[PDB]
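This is what each chain is made of:
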Amino acid sequence: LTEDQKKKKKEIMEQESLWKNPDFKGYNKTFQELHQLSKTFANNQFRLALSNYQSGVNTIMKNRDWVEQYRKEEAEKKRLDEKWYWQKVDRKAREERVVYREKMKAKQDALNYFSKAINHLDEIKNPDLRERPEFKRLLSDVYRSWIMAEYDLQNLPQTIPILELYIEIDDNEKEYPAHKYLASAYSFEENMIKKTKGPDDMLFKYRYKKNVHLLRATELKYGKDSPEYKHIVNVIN
Amino acid sequence: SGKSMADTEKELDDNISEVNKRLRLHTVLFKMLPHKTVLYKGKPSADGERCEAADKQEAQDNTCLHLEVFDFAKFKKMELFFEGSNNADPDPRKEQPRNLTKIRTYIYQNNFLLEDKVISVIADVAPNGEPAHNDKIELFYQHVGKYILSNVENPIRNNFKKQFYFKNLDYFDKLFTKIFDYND
Amino acid sequence: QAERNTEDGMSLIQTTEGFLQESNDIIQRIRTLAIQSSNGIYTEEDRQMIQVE
């Protein structure tokens, strides 16, 4: 490969890791680095913004622990009224909706905290401070967890304004997952217009934006005028 | 009488020694917070009494830890300066202690009074040596003039380590420990 | 107020009882079904349907 392709391979793997579903090792790593930003920045409103973000992520992490425990407790019940196929599926349908609805509540509590993290960053008014890598990386991590919290529950239209705000920050536009999620969420919205028989202007708007971020994600991961790019070029025509 | 004073000083010398032996362990944080606690990684710099935070907080050549404590303003600061380089291994669970070359602390808020004066800066230049290292502790006095703890009459000398220095060493060791364990 | 407490108690007690009327009508149905189940020529497959009920 070229020196740029080798570098690119390394970077795409780092970006995929960056957007990894949360776990305990990533939690620790994240709060090491987000605190590293608190170190240089020395700003009480940034500290408060991070304190709220961390409370939001803790909501998510505590929920993941709840979901395993709940499923465990259900599995460990003796199911003597389960002699039918429908009754097994019934109890499955009980599990899935209780788990999904509990995750929906955890999502709101996490987003109320993320909203507070943003409201505190909004109070940093000095443009010399808002342009700091410390300000931008925290704002990026708040948006990323926000995007993922909604994405997991299939709330894809809601991810668009946050992905768009995300890619505007400090070269986030060069992140392959950011364009992959934008393209997928736009695809969903295109499909909604096709299923609900909505207006053509919105059909084409959503289709266009899907193709822009499909093409850009492809360009970023494989390189422009690669067999993989050239393929997307002809399809978008 | 003077007997009780002698025993008290000895207990305090050992109290600062045991915590300095714990503080020398915070090397484990170089390859690595509780609320309102801010830790910096860096290197000894300037005149050798202050710690300069790294551009690269993760850097393997950091030999100083600088810890700031906030509450409701900056209340306290500590700088742990270590002798020796860090282990090559990137995993902090494997890292070993390094005797401290110096401990520098600052009190900004919640100031203690020793004979009605504030010692705002304490500079320990032999934290892992003989517990009886009062001649190695510089005291910077505000009402900041330099005094040596060993030249402090004694109660006074005892109040210094009992009220100011041991407590700060213990407060910071506990904060460094919370930082380490939380991220380890 | 003591008279009221006595009456509020009546409602607690009646609420509880109504759930137990439900429970006993259930047992009576279970007994009916158990008798069918106790029929030694009533098959195991058919017992599965009854035992679900």
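Residues numbered from 1 in each chain as written, not as in the entry; some residues may be left out. Chains lettered and ligands numbered in written order. Part of a larger assembly, values for the part shown. Heavy atoms only, no water. Residues with missing side-chain atoms left out of burial classes, pairs and counts.

In its metadata, the entry names cryo-EM as the structure determination method and reports 9.83 Å as the resolution.

S.K.: Help me out: how do you make sense of the overall build of chain A in this one?
M.R.: For chain A, the count of helices and strands is 10 helices and 0 strands. In terms of overall dimensions, chain A has C-alpha extents of about 65 × 50 × 40 Å along its principal axes. (Helix = DSSP H or I, 4+ residues; strand = E, 2+ residues; numbered from the N terminus.)

S.K.: Help me understand the overall build of chain B in this model?
M.R.: Tallying secondary structure elements over chain B gives 2 helices and 9 strands in all. When its helices and strands are written in sequence order, chain B yields α-β-β-β-β-β-β-β-β-β-α. For chain B, whose C-alpha radius of gyration is 16 Å, the value lies close to the compact-globule estimate of 16 Å for 184 residues. Principal axes of the C-alpha set define a box for chain B whose edges measure 55 × 35 × 30 Å. (Rg over C-alpha atoms; globule rule 2.2 N^0.38 Å.)

S.K.: Got a minute to help me understand unusual backbone geometry in this structure?
M.R.: Here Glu115 of chain B, not a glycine, exhibits a phi torsion of approximately 50°, which is positive. Position of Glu115 of chain B relative to the elements: it lies in the loop between β6 (113-114) and β7 (117-124).

S.K.: Help me understand the packing of helix α3 (residues 44-75) of chain A against helix α4 (residues 85-122) of chain A in this model?
M.R.: The packing of two helices is summarised by the inter-axis angle and the distance between the axes. Residues and elements named next belong to chain A. The interhelical angle for the contact between α3 and α4, taken along N-to-C directions, is 170°, at an axis separation of 8 Å. With respect to their mutual orientation, α3 and α4 come out roughly antiparallel. In contact with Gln45, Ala49, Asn52, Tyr53 and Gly56 of α3, α4 contributes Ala110, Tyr113, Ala117 and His120. (Axes fitted to C-alpha atoms, helices over the stretch in contact; angles between N-to-C directions. Parallel < 35°, antiparallel > 145°, perpendicular 65-115°, else oblique. Contact = heavy atoms within 4.5 Å.)

S.K.: I tried to follow the arrangement of the chains on my own but got confused; where do I start?
M.R.: Here chain A and chain C are not in contact; the least distance found between their C-alpha atoms is 6 Å. No interface is formed between chain B and chain C, the nearest pair of C-alpha atoms being 49 Å apart.

S.K.: Got a minute to help me understand the pairing of strand β2 (residues 50-53) of chain B in this structure?
M.R.: Where a strand is regular, its side chains alternate between the two sheet faces. All names here are of chain B. As judged from the 4 bridges shared by strand β1 (residues 37-45) and β2, these two strands associate in the antiparallel manner. Within the sheet, the bridge partner assigned to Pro44 lies in β2 and is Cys51. Between β1 and β2, which pair antiparallel one after the other, the connecting turn spans 4 residues, and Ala46 there sits at a positive phi close to 50°. (Pairing = 2+ DSSP bridges.)

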